[PDB]
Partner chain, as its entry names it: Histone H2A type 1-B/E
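Only one chain is given next, in structure tokens, and it is the form solved without its partner chain.
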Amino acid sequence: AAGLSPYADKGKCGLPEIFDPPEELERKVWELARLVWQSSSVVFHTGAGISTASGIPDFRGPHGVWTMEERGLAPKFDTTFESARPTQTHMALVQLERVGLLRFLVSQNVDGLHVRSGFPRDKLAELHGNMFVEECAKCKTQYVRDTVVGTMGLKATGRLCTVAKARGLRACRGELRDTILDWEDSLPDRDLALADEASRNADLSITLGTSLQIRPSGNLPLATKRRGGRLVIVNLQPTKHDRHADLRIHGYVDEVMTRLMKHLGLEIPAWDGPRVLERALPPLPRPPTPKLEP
């Protein structure tokens, strides 16, 4: 958290977790599988809760980084960012995207795991940054790195731009900066615009592991509802937009995505290691029609 503003509003931290009882849970995940299948345009919105299984703390859960700071304590990192492994949720999103069942992914996560899982960059908006990505302040070229860039808050990293310029081939030499927003920084223009278009034209927005307290990210899923679509919120704690959910699921997100993939006859791929993909591969064909809840 180094060099960052100490003036931030941290929101509501430490709310207790709720656990849907198993029968209710199984029935809600069947309903989810149906709306995924019936929906043409499906948009996912992910926050810190989809990376807790990998050892990275959230911000506002019972043991979140903000929650611990309010109460005098430091947080507990089990894993480093470099050694963190994509979860079954991350890998399930790769596969959903492969078979046409995911249109776009909006993430508030700076952990680099979507990118490292193999999720195509062109269907991903990292609205708050990525610890592995630095950007040239002069020509806006991004560099995806294998280790974390070392600064946060849109500061200079100490490295310079290596791009050969269209006329004359001379290195740009612009200042490289981290892409990690501080509190009250402006969101990335293009990524926000794309996340907004996707969210406005969706039939179904599904949120996973966000409490939706931060804007404008936290509000993109409402846009969906505004234009006739449905909204599914999956989170252990309550979320700010609970009252607008068509379907709420209080359970572990790995657990929901495992059952959801079972109900749609999809295999969740294993993760070979960090593998950056710039452009979505050609679609695998839509799956064979899934079976029903007896």
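Positions refer to the first chain, counted from 1.
- Averaged over their C-alpha atoms, the temperature factors of 224-232 and 59-67 are higher for 224-232.
- Mean CA B-factor, 233-241 versus 36-44: the higher value falls on 36-44.
- The residue among 215, 114, 145, 165 whose C-alpha carries the highest B-factor in the deposited model is 165.
- Looking at 101, 208, 161, 194, the one whose CA carries the top B-factor in the deposited record is 101.
- Annotation for residue 128: CA B-factor lies in the lowest third of the chain's modelled residues.
- Among the modelled residues of its chain, residue 97 has a C-alpha B-factor that falls in the middle third according to the deposited record.
- Per the PDB record, residue ranking by Cα B-factor puts residue 91 in the lowest third of the chain.
- When the modelled residues of the chain are ordered by their C-alpha B factor, residue 121 lands in the lowest third.
- Among the modelled residues of its chain, residue 282 has a C-alpha B-factor that falls in the highest third according to the deposited record.
Just so it is clear, the following notes concern the form solved in complex with its partner chain, a form of the same protein that is not shown.
- Although the partner is absent here, residue 138 sits close enough that one of its heavy atoms falls within 4.5 Å of its partner chain in the deposited complex.
- Interface residue remark: residue 246 is not counted as part of the site for its partner chain in the deposited complex, having no heavy atom within 4.5 Å.
- Its partner chain is not shown here, but in the deposited complex it comes within 4.5 Å of a heavy atom of residue 68.
- Among residues of the shown chain, residue 159 is not one whose heavy atoms approach its partner chain to within 4.5 Å in the deposited complex.
- The stretch that touches its partner chain in the deposited complex, counting heavy atoms within 4.5 Å, is 163-171, out of 163-171, 143-151, 111-119, 90-98.
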